>>> print(open('upload.txt').read())   # compact mmCIF, C-alpha atoms and all ligand atoms
# COMPACT_ATOMS: atom_id res chain seq x y z
CA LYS A 134 -109.82 5.46 25.02
CA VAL A 135 -112.68 5.94 27.53
CA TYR A 136 -116.23 4.90 26.68
CA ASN A 137 -119.14 5.96 28.94
CA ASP A 138 -116.90 6.90 31.86
CA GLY A 139 -115.32 3.47 31.60
CA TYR A 140 -118.57 1.46 31.74
CA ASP A 141 -118.72 0.62 27.99
CA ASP A 142 -116.53 -1.10 25.38
CA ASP A 143 -115.85 0.24 21.86
CA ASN A 144 -118.94 -1.70 20.53
CA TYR A 145 -121.39 0.53 22.63
CA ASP A 146 -121.95 -2.43 25.00
CA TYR A 147 -121.96 -2.34 28.78
CA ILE A 148 -118.92 -4.17 30.15
CA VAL A 149 -120.58 -6.98 32.10
CA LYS A 150 -119.07 -7.74 35.56
CA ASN A 151 -119.93 -10.91 37.38
CA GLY A 152 -121.48 -10.23 40.75
CA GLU A 153 -122.17 -6.50 40.26
CA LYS A 154 -125.14 -5.05 42.13
CA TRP A 155 -127.46 -2.60 40.35
CA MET A 156 -129.94 -0.20 41.99
CA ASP A 157 -129.88 -2.00 45.29
CA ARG A 158 -131.92 -4.74 43.55
CA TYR A 159 -130.26 -6.88 40.82
CA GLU A 160 -127.16 -9.00 41.28
CA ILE A 161 -125.72 -9.72 37.84
CA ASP A 162 -124.60 -13.36 37.46
CA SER A 163 -123.36 -13.93 33.94
CA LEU A 164 -123.69 -13.12 30.26
CA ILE A 165 -126.10 -15.62 28.64
CA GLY A 166 -126.62 -14.08 25.19
CA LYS A 167 -125.88 -11.26 22.86
CA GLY A 168 -126.80 -9.86 19.48
CA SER A 169 -126.90 -6.71 17.42
CA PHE A 170 -129.03 -4.99 20.05
CA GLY A 171 -126.61 -5.50 22.99
CA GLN A 172 -126.43 -8.27 25.58
CA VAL A 173 -128.60 -10.55 27.73
CA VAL A 174 -127.52 -11.27 31.32
CA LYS A 175 -128.84 -13.65 33.96
CA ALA A 176 -129.44 -11.63 37.16
CA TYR A 177 -131.08 -12.27 40.53
CA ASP A 178 -133.95 -9.86 41.33
CA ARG A 179 -133.60 -9.56 45.08
CA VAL A 180 -136.93 -7.70 45.45
CA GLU A 181 -139.06 -10.37 43.70
CA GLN A 182 -136.74 -13.20 44.76
CA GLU A 183 -136.34 -14.73 41.29
CA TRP A 184 -133.98 -15.08 38.41
CA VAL A 185 -134.50 -12.73 35.45
CA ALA A 186 -132.98 -12.12 32.04
CA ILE A 187 -131.97 -8.47 31.51
CA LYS A 188 -131.59 -7.35 27.87
CA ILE A 189 -128.99 -4.52 28.09
CA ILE A 190 -129.38 -2.40 24.98
CA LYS A 191 -126.36 -0.68 23.43
CA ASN A 192 -125.64 2.92 24.44
CA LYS A 193 -126.25 4.24 20.94
CA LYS A 194 -129.34 6.19 19.80
CA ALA A 195 -130.43 3.93 16.93
CA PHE A 196 -130.37 0.88 19.25
CA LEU A 197 -132.02 2.76 22.08
CA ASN A 198 -134.89 3.84 19.85
CA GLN A 199 -135.36 0.37 18.39
CA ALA A 200 -135.73 -0.94 21.98
CA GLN A 201 -138.15 1.85 22.92
CA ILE A 202 -140.41 0.61 20.10
CA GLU A 203 -139.97 -2.90 21.45
CA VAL A 204 -140.90 -1.82 24.98
CA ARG A 205 -144.09 -0.14 23.82
CA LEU A 206 -145.25 -3.18 21.85
CA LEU A 207 -144.35 -5.58 24.70
CA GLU A 208 -146.29 -3.43 27.16
CA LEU A 209 -149.31 -3.41 24.82
CA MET A 210 -149.16 -7.20 24.31
CA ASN A 211 -148.42 -8.17 27.87
CA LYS A 212 -151.32 -5.99 29.06
CA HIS A 213 -153.70 -8.22 27.10
CA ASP A 214 -152.15 -11.57 28.16
CA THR A 215 -151.83 -11.31 31.92
CA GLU A 216 -152.02 -15.14 32.23
CA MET A 217 -149.11 -15.43 29.73
CA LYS A 218 -150.97 -17.98 27.57
CA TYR A 219 -150.30 -16.66 24.05
CA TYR A 220 -146.60 -17.48 23.67
CA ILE A 221 -145.16 -13.89 23.71
CA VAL A 222 -142.16 -13.17 25.97
CA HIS A 223 -143.12 -11.40 29.21
CA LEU A 224 -141.50 -8.03 29.87
CA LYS A 225 -141.58 -7.45 33.65
CA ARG A 226 -140.25 -3.88 33.66
CA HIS A 227 -137.58 -1.62 32.20
CA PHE A 228 -135.18 1.06 33.34
CA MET A 229 -132.26 3.20 32.23
CA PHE A 230 -128.96 2.32 33.92
CA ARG A 231 -125.59 3.92 33.18
CA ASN A 232 -126.87 5.09 29.78
CA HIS A 233 -128.27 1.70 28.74
CA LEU A 234 -131.96 0.93 28.39
CA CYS A 235 -132.52 -2.38 30.22
CA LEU A 236 -135.52 -4.68 29.62
CA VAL A 237 -136.19 -7.17 32.44
CA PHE A 238 -137.74 -10.41 31.24
CA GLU A 239 -138.61 -13.82 32.45
CA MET A 240 -135.67 -16.29 32.08
CA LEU A 241 -135.78 -18.48 29.00
CA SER A 242 -133.57 -21.11 27.35
CA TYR A 243 -131.99 -21.10 23.85
CA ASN A 244 -133.59 -20.73 20.42
CA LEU A 245 -135.02 -23.13 17.83
CA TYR A 246 -131.89 -22.90 15.68
CA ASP A 247 -129.88 -24.08 18.71
CA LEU A 248 -132.43 -26.91 18.95
CA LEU A 249 -131.79 -27.77 15.29
CA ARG A 250 -128.05 -27.81 15.93
CA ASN A 251 -128.81 -30.22 18.85
CA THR A 252 -130.48 -32.56 16.29
CA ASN A 253 -127.22 -32.44 14.19
CA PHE A 254 -129.38 -30.54 11.68
CA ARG A 255 -131.53 -33.60 11.01
CA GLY A 256 -134.73 -32.07 12.29
CA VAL A 257 -137.16 -32.53 15.17
CA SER A 258 -140.01 -35.02 14.98
CA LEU A 259 -143.28 -34.31 13.25
CA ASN A 260 -144.95 -34.48 16.69
CA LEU A 261 -142.66 -31.75 18.09
CA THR A 262 -143.01 -29.71 14.91
CA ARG A 263 -146.82 -29.86 15.46
CA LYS A 264 -146.47 -28.57 19.02
CA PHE A 265 -144.34 -25.61 17.84
CA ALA A 266 -146.86 -24.97 15.01
CA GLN A 267 -149.83 -24.92 17.38
CA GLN A 268 -148.17 -22.45 19.76
CA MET A 269 -146.98 -20.22 16.91
CA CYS A 270 -150.43 -20.09 15.29
CA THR A 271 -151.94 -19.21 18.68
CA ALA A 272 -149.43 -16.38 19.01
CA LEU A 273 -150.25 -15.11 15.51
CA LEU A 274 -153.98 -15.21 16.41
CA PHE A 275 -153.29 -12.98 19.42
CA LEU A 276 -151.08 -10.54 17.38
CA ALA A 277 -153.98 -10.24 14.90
CA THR A 278 -156.44 -9.04 17.57
CA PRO A 279 -157.51 -5.53 16.48
CA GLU A 280 -156.13 -3.66 19.55
CA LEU A 281 -152.71 -5.16 18.72
CA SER A 282 -152.61 -5.68 14.92
CA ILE A 283 -148.90 -6.40 15.32
CA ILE A 284 -146.73 -7.65 12.49
CA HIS A 285 -143.60 -9.21 14.04
CA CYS A 286 -141.67 -8.79 10.73
CA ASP A 287 -138.67 -10.94 11.69
CA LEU A 288 -139.88 -14.44 12.50
CA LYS A 289 -137.12 -17.02 12.14
CA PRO A 290 -135.98 -19.98 14.29
CA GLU A 291 -133.57 -17.68 16.16
CA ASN A 292 -136.44 -15.49 17.45
CA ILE A 293 -138.40 -18.35 18.99
CA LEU A 294 -137.07 -19.47 22.39
CA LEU A 295 -137.66 -22.57 24.46
CA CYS A 296 -138.86 -21.93 28.00
CA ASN A 297 -136.98 -25.06 29.14
CA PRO A 298 -134.52 -27.05 27.02
CA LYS A 299 -136.23 -30.38 27.77
CA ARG A 300 -139.83 -29.19 27.04
CA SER A 301 -141.82 -27.98 23.99
CA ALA A 302 -143.13 -24.65 25.39
CA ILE A 303 -141.96 -21.57 23.48
CA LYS A 304 -142.00 -17.76 23.53
CA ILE A 305 -141.51 -15.37 20.62
CA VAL A 306 -138.87 -12.65 21.20
CA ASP A 307 -137.48 -9.55 19.44
CA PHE A 308 -140.19 -7.06 18.51
CA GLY A 309 -137.55 -4.41 17.66
CA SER A 310 -138.37 -4.43 13.94
CA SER A 311 -142.16 -4.92 14.42
CA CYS A 312 -145.03 -2.58 13.52
CA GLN A 313 -148.78 -2.23 13.63
CA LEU A 314 -151.15 -2.47 10.74
CA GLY A 315 -152.32 1.13 11.10
CA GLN A 316 -148.73 2.32 11.17
CA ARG A 317 -146.64 0.42 8.62
CA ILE A 318 -143.43 2.38 7.84
CA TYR A 319 -140.76 -0.07 6.60
CA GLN A 320 -140.27 -1.18 2.98
CA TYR A 321 -137.26 -3.38 3.71
CA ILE A 322 -138.18 -6.07 6.26
CA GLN A 323 -137.89 -9.79 7.17
CA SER A 324 -134.75 -11.90 7.25
CA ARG A 325 -134.09 -13.13 3.74
CA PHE A 326 -134.79 -16.85 4.02
CA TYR A 327 -138.13 -16.07 5.67
CA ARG A 328 -139.12 -13.06 3.52
CA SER A 329 -142.56 -13.11 1.90
CA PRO A 330 -143.15 -12.68 -1.83
CA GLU A 331 -145.12 -9.46 -1.34
CA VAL A 332 -142.08 -7.89 0.40
CA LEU A 333 -139.66 -9.20 -2.27
CA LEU A 334 -142.02 -7.69 -4.90
CA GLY A 335 -142.27 -4.26 -3.22
CA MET A 336 -146.02 -4.65 -2.69
CA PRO A 337 -148.28 -3.68 0.25
CA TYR A 338 -148.06 -6.05 3.19
CA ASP A 339 -150.02 -7.05 6.27
CA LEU A 340 -150.02 -9.66 9.05
CA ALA A 341 -149.94 -12.44 6.45
CA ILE A 342 -146.16 -11.93 6.04
CA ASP A 343 -145.67 -13.60 9.40
CA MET A 344 -147.66 -16.66 8.29
CA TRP A 345 -145.33 -17.01 5.25
CA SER A 346 -142.35 -16.97 7.62
CA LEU A 347 -144.02 -19.56 9.82
CA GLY A 348 -144.52 -21.97 6.91
CA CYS A 349 -140.80 -21.64 6.11
CA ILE A 350 -139.81 -22.14 9.78
CA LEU A 351 -141.93 -25.26 10.23
CA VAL A 352 -140.49 -27.07 7.21
CA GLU A 353 -136.95 -26.23 8.44
CA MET A 354 -137.79 -27.49 11.94
CA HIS A 355 -138.60 -30.91 10.51
CA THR A 356 -135.95 -31.20 7.79
CA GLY A 357 -133.14 -29.46 9.67
CA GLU A 358 -132.40 -27.12 6.70
CA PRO A 359 -133.84 -23.81 5.50
CA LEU A 360 -136.54 -24.26 2.88
CA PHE A 361 -135.51 -21.25 0.72
CA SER A 362 -131.85 -20.42 1.42
CA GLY A 363 -131.29 -17.44 -0.99
CA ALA A 364 -127.92 -15.70 -1.12
CA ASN A 365 -129.56 -12.48 -2.32
CA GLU A 366 -133.06 -11.37 -3.32
CA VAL A 367 -132.93 -12.70 -6.89
CA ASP A 368 -131.67 -16.08 -5.62
CA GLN A 369 -134.35 -16.03 -2.87
CA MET A 370 -137.18 -15.50 -5.38
CA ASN A 371 -135.75 -18.17 -7.69
CA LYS A 372 -135.59 -20.68 -4.86
CA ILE A 373 -139.22 -19.92 -3.95
CA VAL A 374 -140.21 -20.39 -7.63
CA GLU A 375 -138.44 -23.78 -7.85
CA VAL A 376 -140.93 -25.10 -5.24
CA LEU A 377 -144.07 -23.03 -5.84
CA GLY A 378 -143.97 -22.04 -9.55
CA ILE A 379 -144.35 -18.61 -11.16
CA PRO A 380 -146.49 -16.29 -9.01
CA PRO A 381 -150.01 -15.52 -10.28
CA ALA A 382 -150.19 -12.92 -13.09
CA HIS A 383 -152.67 -10.78 -11.15
CA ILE A 384 -150.03 -10.31 -8.46
CA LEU A 385 -147.08 -9.70 -10.82
CA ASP A 386 -149.14 -7.22 -12.85
CA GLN A 387 -149.40 -5.04 -9.67
CA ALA A 388 -145.85 -5.61 -8.36
CA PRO A 389 -143.40 -2.65 -8.44
CA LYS A 390 -140.41 -5.03 -8.45
CA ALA A 391 -141.82 -7.73 -10.81
CA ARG A 392 -139.10 -7.04 -13.40
CA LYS A 393 -136.30 -7.57 -10.89
CA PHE A 394 -137.12 -11.31 -11.21
CA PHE A 395 -139.57 -11.88 -14.10
CA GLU A 396 -140.39 -10.80 -17.63
CA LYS A 397 -143.78 -10.42 -19.22
CA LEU A 398 -144.23 -12.28 -22.52
CA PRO A 399 -146.25 -11.24 -25.62
CA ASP A 400 -149.17 -13.50 -24.59
CA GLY A 401 -149.49 -11.68 -21.26
CA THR A 402 -147.98 -14.49 -19.20
CA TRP A 403 -144.94 -14.12 -16.95
CA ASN A 404 -141.70 -16.15 -16.87
CA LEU A 405 -138.37 -15.90 -14.97
CA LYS A 406 -135.55 -13.71 -16.26
CA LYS A 407 -132.46 -15.72 -17.22
CA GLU A 414 -128.86 -22.96 -12.69
CA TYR A 415 -132.40 -23.54 -11.25
CA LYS A 416 -134.84 -26.43 -11.41
CA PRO A 417 -137.79 -25.53 -13.63
CA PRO A 418 -140.66 -23.69 -11.92
CA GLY A 419 -142.60 -25.81 -9.46
CA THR A 420 -140.53 -28.98 -10.04
CA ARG A 421 -138.81 -29.01 -6.63
CA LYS A 422 -141.80 -30.56 -4.91
CA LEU A 423 -142.54 -29.99 -1.22
CA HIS A 424 -143.80 -33.57 -1.33
CA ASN A 425 -140.21 -34.73 -1.86
CA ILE A 426 -138.54 -32.18 0.44
CA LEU A 427 -140.70 -33.60 3.26
CA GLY A 428 -140.40 -37.19 2.02
CA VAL A 429 -144.14 -37.75 2.32
CA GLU A 430 -144.10 -41.21 0.72
CA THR A 431 -140.40 -42.05 1.18
CA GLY A 432 -139.75 -42.09 4.97
CA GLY A 433 -139.60 -38.37 5.73
CA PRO A 434 -136.51 -36.18 5.39
CA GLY A 435 -133.46 -38.18 4.32
CA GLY A 436 -135.61 -41.30 4.60
CA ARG A 437 -134.74 -41.18 8.34
CA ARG A 438 -138.28 -41.44 9.68
CA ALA A 439 -138.93 -44.78 7.97
CA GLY A 440 -139.81 -47.32 10.66
CA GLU A 441 -140.54 -44.61 13.22
CA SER A 442 -143.92 -44.04 14.77
CA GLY A 443 -145.56 -40.61 14.54
CA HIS A 444 -144.57 -40.18 10.80
CA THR A 445 -147.21 -41.90 8.62
CA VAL A 446 -148.00 -40.94 4.98
CA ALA A 447 -151.37 -39.66 6.27
CA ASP A 448 -149.65 -37.46 8.90
CA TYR A 449 -147.28 -36.08 6.24
CA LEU A 450 -150.10 -35.29 3.80
CA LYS A 451 -151.87 -33.14 6.48
CA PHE A 452 -148.62 -31.32 7.29
CA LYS A 453 -147.90 -30.73 3.58
CA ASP A 454 -151.41 -29.33 3.05
CA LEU A 455 -151.09 -26.90 5.95
CA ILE A 456 -147.68 -25.70 4.82
CA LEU A 457 -148.87 -25.11 1.25
CA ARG A 458 -151.70 -22.91 2.65
CA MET A 459 -149.12 -20.92 4.67
CA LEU A 460 -147.10 -20.53 1.45
CA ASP A 461 -149.95 -19.23 -0.72
CA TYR A 462 -148.49 -16.49 -2.96
CA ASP A 463 -151.73 -14.47 -2.48
CA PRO A 464 -151.75 -12.72 0.92
CA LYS A 465 -155.54 -12.40 0.69
CA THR A 466 -156.10 -16.19 0.54
CA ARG A 467 -153.08 -17.38 2.56
CA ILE A 468 -154.37 -19.28 5.62
CA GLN A 469 -155.12 -17.14 8.69
CA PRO A 470 -154.38 -18.11 12.28
CA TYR A 471 -157.93 -19.12 13.31
CA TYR A 472 -158.20 -21.52 10.32
CA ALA A 473 -154.64 -22.80 10.73
CA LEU A 474 -155.63 -23.91 14.25
CA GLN A 475 -158.74 -25.75 12.94
CA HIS A 476 -156.72 -27.62 10.28
CA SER A 477 -156.65 -31.46 10.34
CA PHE A 478 -152.91 -31.37 11.17
CA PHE A 479 -153.97 -30.44 14.70
CA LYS A 480 -156.84 -33.07 14.79
CA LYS A 481 -155.08 -35.77 16.88
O1 LIG A 501 -135.04 -10.36 23.84
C1 LIG A 501 -134.64 -10.71 22.67
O2 LIG A 501 -134.57 -10.22 21.45
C2 LIG A 501 -133.81 -11.66 22.86
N1 LIG A 501 -133.00 -11.77 21.65
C3 LIG A 501 -131.91 -12.60 21.78
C4 LIG A 501 -130.94 -12.69 20.76
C5 LIG A 501 -129.86 -13.52 20.87
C6 LIG A 501 -129.77 -14.31 22.01
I1 LIG A 501 -128.03 -15.53 22.21
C7 LIG A 501 -130.69 -14.22 23.04
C8 LIG A 501 -131.79 -13.37 22.94
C9 LIG A 501 -132.73 -13.35 23.99
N2 LIG A 501 -132.68 -14.16 25.05
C10 LIG A 501 -133.70 -13.87 25.93
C11 LIG A 501 -134.00 -14.44 27.17
BR1 LIG A 501 -132.90 -15.86 27.86
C12 LIG A 501 -135.12 -13.98 27.84
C13 LIG A 501 -135.88 -12.94 27.27
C14 LIG A 501 -135.54 -12.30 26.06
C15 LIG A 501 -134.41 -12.79 25.34
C16 LIG A 501 -133.77 -12.47 24.10
>>> encode(input="upload.txt", output="structure tokens")
Amino acid sequence: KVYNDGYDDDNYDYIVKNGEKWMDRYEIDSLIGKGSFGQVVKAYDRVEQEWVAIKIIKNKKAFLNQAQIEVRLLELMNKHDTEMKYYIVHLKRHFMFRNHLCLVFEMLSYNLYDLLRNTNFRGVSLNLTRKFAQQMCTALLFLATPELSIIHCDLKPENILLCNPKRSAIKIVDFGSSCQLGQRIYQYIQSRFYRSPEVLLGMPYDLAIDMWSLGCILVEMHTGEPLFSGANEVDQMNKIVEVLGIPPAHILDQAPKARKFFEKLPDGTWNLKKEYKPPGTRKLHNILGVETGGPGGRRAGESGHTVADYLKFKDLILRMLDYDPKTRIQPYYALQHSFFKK
């Protein structure tokens, strides 16, 4: 009947009211987003004389505590990027209001999946894909600095926002499921399409899981479609295998969940358990259309999409999709790659 003295709905969300004044400071304009965490409103900060986005977390302990983790990591990150040059969303401040934790951010636009929808799911250009890749690798370089050692753990197009819908600048959002290297706790992490092999296999993980996700995201940004669109974990692993082959034996031999997906033969080698293309026969070369006009053949006769350009992009992506987290390309080297030599 009554939720939070009438301030909340039955979903634990604050009932947003256009034009409401909070704390003699914020005038709420409109709802501009929402998700599992709660809501995002556009509000005018009368004290700083600027528009802000306020992420209003649900009035429910599990959501509150997820956002408290997020606040701590944002404060740590922001503290070491006062010029806001490393592509992480800027948290201005936070407060508790009517039993909701509220995170005040810079205003941003919509996400890279919304951008893909805007392309009619045909993909952005290789030149725009490169700009997103360069910013993302710079962000991952910053997260890898020892004082941070932050693993985002949920990179996907939906967690990368445009600053402005007509420009290429981005910020990464949603650190609610993130952790630090010294303090890994979760076994179940990453959204499925973007989930690394080491997580699927139940193995130890580190910051390299985010580079795996990035490789997946960048292919999808150019083709319009997820690279590995599994319906469940077994399907996810099988779709990875179609492109990249059976994982190395030295990895499977140490994987707690190897036998969820694979079986070990008398000769010591591994094969899939028994609808899929044979291992490694769904070539990234063809998914990208390296020699055949890009995805769908649609980049034939366009500038900025040469065979040479595509071969550099393919090479970088295959390094991001190394099965071995020890040898998978790291942010510093990703940034030195020939794909960014223009
Ligand atoms: O802060 C975020 O996790 C965040 N997640 C969102 C999820 C769905 C949608 I729909 C919008 C989101 C979002 N939008 C934001 C803006 Br605009 C500025 C700063 C942070 C965020 C943020």
>>> closest_residue(input="upload.txt", among="A:213, A:255, A:407, A:191", to="residue 435 of chain A", atoms="only C-alpha atoms")
A:255
>>> residues_around(input="upload.txt", residues="segment 305-311 of chain A", least_positions_apart="4", cutoff="7 Å", atoms="all atoms listed in the file", output="list in words")
residues 199, 200, 202, 203, 220, 221, 222, 283, 284, 285, 286, 287, 292, 293 and 294 of chain A
>>> closest_atom_pairs(input="upload.txt", of="chain A", to="ligand LIG 501 (chain A)", cutoff="9 Å", atoms="all atoms listed in the file", output="CSV")
residue,atom,partner,partner_atom,distance
A:165,CA,A:LIG501,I1,6.7
A:166,CA,A:LIG501,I1,3.6
A:167,CA,A:LIG501,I1,4.8
A:168,CA,A:LIG501,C5,5.0
A:169,CA,A:LIG501,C4,8.0
A:170,CA,A:LIG501,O2,7.7
A:171,CA,A:LIG501,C4,8.7
A:172,CA,A:LIG501,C7,7.7
A:173,CA,A:LIG501,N2,6.1
A:174,CA,A:LIG501,BR1,7.9
A:175,CA,A:LIG501,BR1,7.7
A:185,CA,A:LIG501,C12,7.7
A:186,CA,A:LIG501,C12,5.1
A:187,CA,A:LIG501,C13,7.3
A:188,CA,A:LIG501,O1,6.1
A:222,CA,A:LIG501,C13,6.4
A:223,CA,A:LIG501,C13,7.7
A:224,CA,A:LIG501,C13,7.9
A:236,CA,A:LIG501,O1,8.1
A:237,CA,A:LIG501,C13,7.8
A:238,CA,A:LIG501,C13,5.1
A:239,CA,A:LIG501,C12,5.8
A:240,CA,A:LIG501,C12,4.9
A:241,CA,A:LIG501,BR1,4.1
A:242,CA,A:LIG501,BR1,5.3
A:243,CA,A:LIG501,BR1,6.7
A:244,CA,A:LIG501,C7,7.6
A:291,CA,A:LIG501,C4,7.3
A:292,CA,A:LIG501,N1,6.6
A:293,CA,A:LIG501,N1,8.9
A:294,CA,A:LIG501,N2,7.4
A:295,CA,A:LIG501,BR1,8.9
A:296,CA,A:LIG501,BR1,8.5
A:304,CA,A:LIG501,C13,8.6
A:305,CA,A:LIG501,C1,8.6
A:306,CA,A:LIG501,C1,4.9
A:307,CA,A:LIG501,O2,3.6
A:308,CA,A:LIG501,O2,7.1
A:309,CA,A:LIG501,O2,7.5
>>> atom_distance(input="upload.txt", atom1="atom CA of residue 377 of chain A", atom2="atom CA of residue 443 of chain A")
27.0 Å
>>> atom_distance(input="upload.txt", atom1="atom CA of residue 391 of chain A", atom2="atom CA of residue 348 of chain A")
22.9 Å
>>> residues_around(input="upload.txt", residues="segment 459-473 of chain A", least_positions_apart="2", cutoff="10 Å", atoms="all atoms listed in the file", output="PyMOL selection string")
chain A and resi 266-267+269-277+329-331+337-349+373+377-381+383-384+453-457+475-479
>>> atom_distance(input="upload.txt", atom1="atom CA of residue 362 of chain A", atom2="atom CA of residue 395 of chain A")
19.3 Å
>>> residues_around(input="upload.txt", residues="segment 135-139 of chain A", least_positions_apart="3", cutoff="9 Å", atoms="only C-alpha atoms", output="short mmCIF file (atom, residue, chain, number, x, y, z; two decimals) with C-alpha atoms, in the coordinates of the input")
data_model
loop_
_atom_site.label_atom_id
_atom_site.label_comp_id
_atom_site.auth_asym_id
_atom_site.auth_seq_id
_atom_site.Cartn_x
_atom_site.Cartn_y
_atom_site.Cartn_z
CA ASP A 142 -116.53 -1.10 25.38
CA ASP A 143 -115.85 0.24 21.86
CA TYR A 145 -121.39 0.53 22.63
CA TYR A 147 -121.96 -2.34 28.78
CA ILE A 148 -118.92 -4.17 30.15
CA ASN A 192 -125.64 2.92 24.44
CA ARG A 231 -125.59 3.92 33.18
CA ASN A 232 -126.87 5.09 29.78
#
>>> residues_around(input="upload.txt", residues="residue 393 of chain A", least_positions_apart="2", cutoff="9 Å", atoms="all atoms listed in the file", output="PyMOL selection string")
chain A and resi 334+367+389-391+395-396+406
>>> closest_residue(input="upload.txt", among="A:432, A:336, A:189, A:372", to="residue 387 of chain A", atoms="only C-alpha atoms")
A:336
>>> closest_residue(input="upload.txt", among="A:250, A:325, A:264, A:205", to="residue 300 of chain A", atoms="all atoms listed in the file")
A:264
>>> closest_residue(input="upload.txt", among="A:356, A:211, A:442, A:402", to="residue 423 of chain A", atoms="only C-alpha atoms")
A:356
>>> closest_residue(input="upload.txt", among="A:364, A:259, A:398, A:312", to="residue 450 of chain A", atoms="only C-alpha atoms")
A:259
>>> residues_around(input="upload.txt", residues="residue 149 of chain A", least_positions_apart="6", cutoff="9 Å", atoms="only C-alpha atoms", output="list in words")
residues 140, 141, 161, 163, 164, 172 and 174 of chain A
